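First comes the structure, then the notes that go with it.
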Ligand SMILES: [Fe+3]
Ligand SMILES: [Fe+3]
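Numbering (full-length UniProt numbering), first residue to last: 3 to 200.
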C-alpha cells in the first residue's frame with residue numbers, strides 16, 4: 003500500500019499490491035511524483051482505478067496513461083463528470099490535463115484485482131468503493147473521512163444518496179481500515195461512534 007498525497011488539494015492516491023499485483027487508485031495529480039514513485043517502488047500499476055471522477059482524483063490519469071498505456075476503470079455513471087473534470091478544476095482556479103478516453107466500466111458486485119466493487123453514490127453518481135477483504139480494508143474515496151463525510155452539494159451529489167450509501171459502508175467489519183481520498187485514515191468502528199454525520 004503506497005498511500006501518497008498529490009495535487010494542490012492533497013488527495014490520497016494509493017498503490018495497492020494484490021494477487022494480480024499492482025494497481026493505482028485515484029492518480030489525482032503530480033505524475034512525476036507518481037512516475038518517480040514507481041522508479042523506486044519497482045511496482046508499476048497494471049491498471050488505474052477511480053473511486054469517482056472528480057478532478058482532484060483524476061488529474062494525473064492522462065499523463066500516466068500516455069506513459070504506461072494503463073487501462074482506466076471508472077463507473078459509467080461518472081463519465082459525464084470525468085469528461086468535464088478539467089473545467090471543474092478551473093472553478094477552483096486550478097488546472098488538469100483532460101482525462102483520456104476510453105475507460106473500462108466499473109459495476110456493483112464486480113470483482114477485480116482481489117477487490118470487490120461497491121457502488122456507493124451520493125458524493126457523485128458513479129462513486130464506488132474498493133473493498134479488500136484479504137486486506138481487511140476499503141478504499142472509499144471521498145465517501146468517508148476521519149470525522150466527516152463527502153460533500154453533497156457539488157454537481158451530481160445527493161445527500162439522501164450519500165446517506166444510504168454510507169449506511170451500507172458502515173455495516174461491514176467495524177475493524178475495517180478506511181483509506182479516504184483526503185486526510186488521515188480511520189475505521190468504520192471509530193467513525194460509527196465519533197463522526198458527527200452518524
Ligand atoms: Fe470528490
Ligand atoms: Fe476529493
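Quick reminder that beta carbons are idealized off the backbone N, C-alpha and C, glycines included.
Within the present structure, is the beta-carbon of residue 56 separated from the nearest heavy atom of ligand 2 by less than 7 Å?
-> For residue 56, the shortest separation between its Cβ and any heavy atom of ligand 2 lies below 7 Å.
Cα-Cα separation between residue 108 and residue 180, rounded to whole angstroms | 20 Å
Residue 152 Cβ short of 7 Å to ligand 1 heavy atom set | yes
Does DSSP put residue 121 in a helix, a strand or coil?
-> strand
Is the Cβ-Cβ distance between residue 125 and residue 164 less than 8 Å?
-> Between residue 125 and residue 164, the CB-CB gap stays under 8 Å.
In this structure, what does DSSP give as the bridge partners for residue 140?
-> 133 and 180
Opening and closing residue of the beta strand (DSSP E) in which residue 6 lies | From DSSP, the beta strand (DSSP E) with residue 6 extends over 6-8.
Should the stretch 16-34 be called in touch with the stretch 55-75, which here means at least 3 C-beta pairs below 8 Å?
-> yes
Could you round the C-beta distance between residue 70 and residue 46 to whole angstroms and report it? I think they count as a contact, below 8 Å.
-> 6 Å
Can you tell me the Cα-Cα spacing of residue 82 and residue 128, whole angstroms?
-> 10 Å
Decide if residue 13 is buried, meaning its Cβ has at least 16 other Cβ atoms within 10 Å, or exposed.
-> buried
Note the first and the last residue of the continuous beta strand (DSSP E) segment covering residue 75.
-> 74-76
CB of residue 54 within 8 Å of CB of residue 143, strictly = yes
How long is the line joining the alpha carbons of residue 113 and residue 19, rounded to whole angstroms?
-> 15 Å
To which residues does DSSP link residue 151 through a beta bridge?
-> 146
Residue(s) in a DSSP beta bridge with residue 50 = BP columns for residue 50 point to 26 and 74.
Is it the case that the CB of residue 158 approaches a heavy atom of ligand 2 more closely than 7 Å?
-> no
Which term fits residue 42, buried or exposed, when burial requires 16 or more other beta carbons within 10 angstroms of its beta carbon?
-> exposed
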